[PDB]
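Comments concern the structure below.
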């Protein structure tokens, strides 16, 4: 049994996964209801629920921004900014105990599900200390927080001049809601394969960014000086032209700004070729890993 | 003979195709005239006809939309909308027993060929009940339908206020004519290989769309809030910015809308790289299958 | 010696190249001076000359079009059209026995080299009948012809009303000069490998064009009807939208015309993905051949 | 020991690296402090310093161009040109013994490090003659020079009418500062793998450029004549259209100029496909080498 384990690790057939139960025999049993969808029919249903749950939050998150509805705000004409209208304009919902804001309800509804997932999952974990080394528990935590950041801003604060301390910092938090989408990782097998391919390429991915950081700087400058002697130049500075080379090394290619001089085109056309020769060097490094981690289940 | 068949299936040399005739001995014989082009010279000719047939419909379909001819319509100046002018403007041809509309003739001509293909092929099929599991018979059916839907709209309807019930539903049908192009599958060997490669990738293709659906939502939002505090922003909402990230993860890159702020470019430039790292993960999954299904004839 | 040749052909080590000399013993000897650069120092020199010759013609061809010089034409203001100014405006040079046009000299100089290559190569060929099956002799012929087509229009014609018979047909010929660039094939080893890779892919390349021809039609139509109900639509017809889908299946992506409606974007964004899934299916079919034909010299 | 070395070279396990010390025993000992970071803690620190050094110069180089600061120049309004304001406008810093220009200090500070790297590295080299064959010493030299070219222009010249001799030649030098970024090659292992992959591809890379040079010329001309008979054409000449085909063979795709005629689109759409069939032929030639040179450390 000892030289067989050294054989499979060389082979890579290393599956040491053994889910220990919580030992309560119902603290154990209910734990497996929320750790394994394959134990029963209703065990699937929880996954069937929670996968659908995340989508409901997202559509509710995206529709707040819609100008059928953000133009149907408290500032439907958009004249000033109030302390209570800051929530309708920079938090995207109207907090009220009456809760006439429909989205503010729908936002809140999923959070009740997420904690009752998570907290019940926290109380029934066998491994208590190493709970926060698991990455698929971290996303659970970061999801539920700007909910509470919203409320403590509303409940605790009864004062003036709070926007001069932190107001766009609140607007940062309105983004960071967006990484609730990573909660699908617990359900998709395939999204974890991305999560492992990146985990197995964190140095070779750094070959890409560093080779692009070289490519950006070299050709942003070299086009800036060939487009230098215009009064009418589209390239005012070199950190303007960092936007230009990533538009043209990644071959997206926009048209917002394009070189105009005879030299700036000759410079500009090398950068089109060299972006192929910068992305494609460490891409098949990655994709061979992803192909390997995909069929590694077989 | 028993352990040889288990050998070839492991190998993949599994060709169990055996075309049974219809047994009529002319019901059988004429069936093979319209199932196999290789039985005779004229057996090729039917395929040589029917391949040329489909093209004639397409050019006749596309030229209806041309403003040498849709501007040479009954509303050549475009003032109003009549019940009979709905056919020339939303069905694309003028139905008449005189049939002065030339395209309306040419459209009708191919349909006579298609049924006389199909209906004769229906009566001479050996497999009678399993006729509608064959996908290359489904396209035959979907081709001939909006022809009849056009006529029943003309024949049965003599009444007022029909556009308030279904008029854009008619305009849907004018699209669905377009999938007559898939009828070439019966003739091209290579188009069926695409039909099989997709048939062997319907989960791994779903890795692509789901990894892109992740990529779209994450960066559409993250550019929306870095482009937030403009009165002059090109990004009014987040479902506006779903158009933006598929223009920029697929590296098409249009120029209709591009970020402008300092933050929106830094967000916007990550999304150029990440679209490479989203398409290219399950593409060589597919292309290895297609290369495998191509030479599988050898 | 017989089962060794069957071995190498299976292997692919099939090099039956045996250059028979012209047998004149100076017709033979001068032949190797103009077929093999490796026989001597001066044998290289002709190859060094003729490679430099082609470039001289090209720069002379491209500079005619330059508006430092085509605006310095006989119609420097561009008011009318003369029969003698047709050469300076649609043949790009001024033919005269004085030949004051400098480019018209430089154009003429190279043709003297090409024939004295070719005609001397014609008279000293061992194989006289199969001379015109060799493709690298066809390019020799097609190069020298529109030179003579230029002169016969000048020399033979002294009459009126020739532009109503053929005038843009002359302008066709001014293009077809451009395939003089393929004359480098006799000199580059690498350009012939492209010439062989295409020669070994003429069916599998046809998988690409036909899969793209499917992709173009299916999405040009499907965006035309989602962009139909505008008075302000960017898509007037469907053969307008053939330009649109090759801008967007090949992911070039211009911005001349982009969909605007909610449906036209959803249609338009599928076509971005599907162009990856159309180019990349028969590309590694080709590139595996090119990699094979490249190192086939080793 | 003799047939083992012939074995490893076939294998490619050829590591003949033997760093001979300078033999001074402190000239030797200090040499390893500036050639090997792995000898000690402080040996790392010099590499930790000098990697951070280069970045400081770059940010200082890029920020000079910023119109928070180049508009805060001596010509903050930009009316004329002085002999002393040429440094603030075309050398990017204000040279003085007072040195009130802050960047001109920060520029100067890094050069003191680079020479004290290099000159100390020069005096302690074992190999003195072949010092300038090593490429990672050339980059050291070309870095430090336009610093001195700046000073000798200021120190030696006290005269008039120097701009009519060389003024944009000075502006050339302001670019050539930019290749100080290649100094990271001594530190990154991965950037040298790029440096070796290009060193192992200098003929096969030339397959790419020459196949593109063919592709550019053939389609720039062929679109010029299909877009010829406009008064309103976007393509004035053929070397205008060299910018067009590299925008469209590399599939960047800008929108600055796009064909408009019916023929110019049919020409223009072939060039989209053919740029895929020109980049992708010698790319996996390269990327296989880079993948090989990456893991060649293992």
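Using ideal geometry, Cβ is built from the backbone for each residue, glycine included, and neighbour counts are taken over all protein chains shown. Here, each number is a calculation from the coordinates, and none is a lab measurement.
Values computed for the structure shown
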{"read-out": "Where labels lie 7 Å past Cα in the beta-carbon direction, separation of residue B:66 and residue C:3 in nm", "value": "6.6"}
{"read-out": "Of B:30, B:169, B:53, the one that fluctuates the most in a GNM where chain B has Cα springs shorter than 10 Å", "value": "B:169"}
{"read-out": "Chain B residue with Cβ closest to the axis mapping B onto A, distance in whole Å", "value": "B:255, 3"}
{"read-out": "Relative contact order computed over chain A (Cα-Cα under 8 Å; 6+ residues apart), in percent", "value": "14"}
{"read-out": "Residue B:77-residue B:202 pseudo-label distance in nm [points 7 Å out on the Cα-to-Cβ vector]", "value": "5.5"}
{"read-out": "Theoretical ellipticity at 222 nm over chain D - DSSP helices of four or more residues, -39500 (n - 2.57) apiece, nearest 500", "value": "-18500 deg cm²/dmol"}
{"read-out": "Candidates B:16, B:204, B:25, ranked by Gaussian network fluctuation over chain B, Cα under 10 Å, top entry", "value": "B:16"}
{"read-out": "Relative contact order (percent, whole number), the range C:188-298, Cα cutoff 8 Å, 6+ residue spacing", "value": "38"}
{"read-out": "Label distances, nm, residue A:209 versus same residue in remaining copies, Cβ-directed 7 Å point", "value": "3.2, 3.2, 4.5"}
{"read-out": "Principal semi-axes in Å for the range C:1-83 [√(5λ), Cα gyration tensor, largest first]", "value": "50, 20, 13"}
{"read-out": "Rounded FRET efficiency, nearest 0.05, which uses the C-beta distance separating residue D:85 from residue D:231 and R0 of 56 Å", "value": "0.80"}
{"read-out": "Alpha-carbon centroids, the range C:150-225 and the range D:3-82: separation in whole Å", "value": "52"}
{"read-out": "Label-point gap, in nm, between residue B:112 and residue B:43 - each point 7 angstrom along Cα→Cβ", "value": "2.8"}
{"read-out": "Sorted largest first, extent of the protein assembly as shown alpha carbons per principal axis (Å)", "value": "98, 98, 76"}
{"read-out": "Rg/Rg_globular for the range D:106-247, with Rg_globular taken as 2.2 N^0.38 Å and Rg from C-alpha atoms", "value": "1.58"}
{"read-out": "Whether the range D:207-256 is rounded, prolate or oblate, judged on the alpha carbon gyration tensor where a/c under 1.5 counts as rounded", "value": "oblate"}
{"read-out": "P(r) histogram, all alpha-carbon pairs of the range B:18-187 included - 5 Å bins from 0, percent", "value": "1, 7, 15, 18, 17, 13, 10, 8, 6, 4, 2, 0, 0"}
{"read-out": "Contact order relative to length of the range A:50-103, as percent, for alpha carbon pairs under 8 angstrom and 6 or more apart", "value": "26"}
{"read-out": "Gyration tensor (alpha-carbon) shape descriptor, chain A, a/c threshold 1.5", "value": "oblate"}
{"read-out": "Bins of 10 Å from zero: percent of alpha-carbon pairs in the range C:188-298", "value": "14, 36, 23, 16, 9, 2, 0"}
{"read-out": "Relative exposure of C:36, B:147, judged by other C-beta atoms within 10 Å (fewest first)", "value": "C:36, B:147"}
{"read-out": "Sorted by Cβ density within 10 Å, fewest first, the residues A:49, D:106", "value": "A:49, D:106"}
{"read-out": "Listed residues B:224, B:93, B:13, most fluctuating in chain B (Gaussian network, C-alpha, under 10 Å)", "value": "B:13"}
{"read-out": "Cα gyration tensor, the range A:116-182 - rounded (a/c under 1.5), prolate or oblate", "value": "prolate"}
